[PDB]
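Same protein, same chain, two forms; see structure 1 and structure 2 below, as structure tokens.
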Structure 1
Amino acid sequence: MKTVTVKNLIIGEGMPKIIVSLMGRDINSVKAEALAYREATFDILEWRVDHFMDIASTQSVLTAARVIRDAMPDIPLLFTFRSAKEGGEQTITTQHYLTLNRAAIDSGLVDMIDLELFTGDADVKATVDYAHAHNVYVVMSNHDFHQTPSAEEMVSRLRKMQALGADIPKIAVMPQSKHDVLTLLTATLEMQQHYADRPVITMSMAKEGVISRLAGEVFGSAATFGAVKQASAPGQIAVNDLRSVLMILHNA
């Protein structure tokens, strides 16, 4: 089990790390959000690039990335364009998606990039290799916003990500029942115990899957996602509440 060290954060050891997501449609809203978020305590900042309106311009995207980086110089920054197929906000071509991740990698402004496994094995492996050559870590991901696959299916998908070179495999699935939540925890534990040689992020969405966000230290998920202040919809947990539950579980 190889941990992942980014800036002064060690992923895969100790309590699960807290990721928060920043979402702004343009440079001014990204800046307002970055200044608000630096007054919150969290471990990793994810920038959800699919919410940005001017994604057609690589320079616009990099200018926004710089705004975030100047507001929070020491935070690990994860660049994520979530495709519409996986719940993202906009559809873009495979070429443009790969261009944006490469521009981000080249900028030296981000520490990690999110790569969707279903982008295609050749393109995924090529990008992973490009990232690695530039000292950028890769969060390889997959999201099923509709249902929960079987435990065997989830473990084989996670193993496939490890085979393609992911630094950190990630899977997020939607529960249709409480039983589906147990399936996600089971698959997490199977990965932890027998196949992972690196940190894995797993999560069951919505209100019924909230426990998956709190029990990562037990079953093996290295990071979790929380909301900056004000949790709005069912199933979101504000970062301070999330942090208090993770410390309680850790010191029990």
Structure 2
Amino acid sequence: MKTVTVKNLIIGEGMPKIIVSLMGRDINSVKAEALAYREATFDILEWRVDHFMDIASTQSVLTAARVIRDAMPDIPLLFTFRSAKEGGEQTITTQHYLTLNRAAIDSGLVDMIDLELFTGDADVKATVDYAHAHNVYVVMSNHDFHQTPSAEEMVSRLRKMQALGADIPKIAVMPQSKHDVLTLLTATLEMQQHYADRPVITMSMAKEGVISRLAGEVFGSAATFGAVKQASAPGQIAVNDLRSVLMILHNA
């Protein structure tokens, strides 16, 4: 397949990269969280913009993004507004969603953005090219917080994200049973073996799906989420614990 480099990282080769999500409600919050995250060990920092209360102000959004970037200038920064329909904290209009991501891209403060696939083909396609024209990489994502779609459905979604120009396709689903966890792992291998040409990230949420956060080096997920102090989705475990398990699997 292919690899993606941001800063001094290569995504899609080696051990799965560790992503942690920073969440703060207002500026002073972001600023405290940015100082404490500096002392943890992770590959990529994701800022969960949907927990921020000042999202109608571009000024506030970029001031929070600059406090983060200052604190951690050499870590790849992933800007993610996670909409309420896919598990996030807040609902915005589609226009407001696209204006926040463009602002992020033009600012120069962010290395990647997340774009939700079901936002609408034409809107996602136009933002992907705008991003690529500024050398911002696109993580395209999809989430099912109530169920696990069949393997077939999941591979099509992932392929749909590749057709639309995502640099890194991503899917997260909620298991209703232990077999749902094996369906996610099978769709991941299937994509990675027959269709992928770039790095792919996949995960099964909650307690049953934790194995899916630990086995991406076997089944083909390029990155995984850990928690520094709080979890941004059901199932993440502490980043030091997460990192021990990855190295054990990697050096086995």
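The term rigid core refers to the most C-alpha atoms you can superpose between the two forms while keeping them within 1.5 Å. Only residues modelled in both forms are compared. When a residue number appears, read it as a position in the sequence of structure 1, where counting begins at 1.
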Would you say whether residue 25 is displaced between structures 1 and 2, judging by a C-alpha shift of 2 Å or more on the superposed rigid core? no
If the two forms are fitted on the core, does residue 231 show a Cα displacement reaching 2 angstroms between structures 1 and 2? yes
Displacement runs between structures 1 and 2, C-alpha, 2 Å or more, three or more consecutive residues, core aligned: 229-236
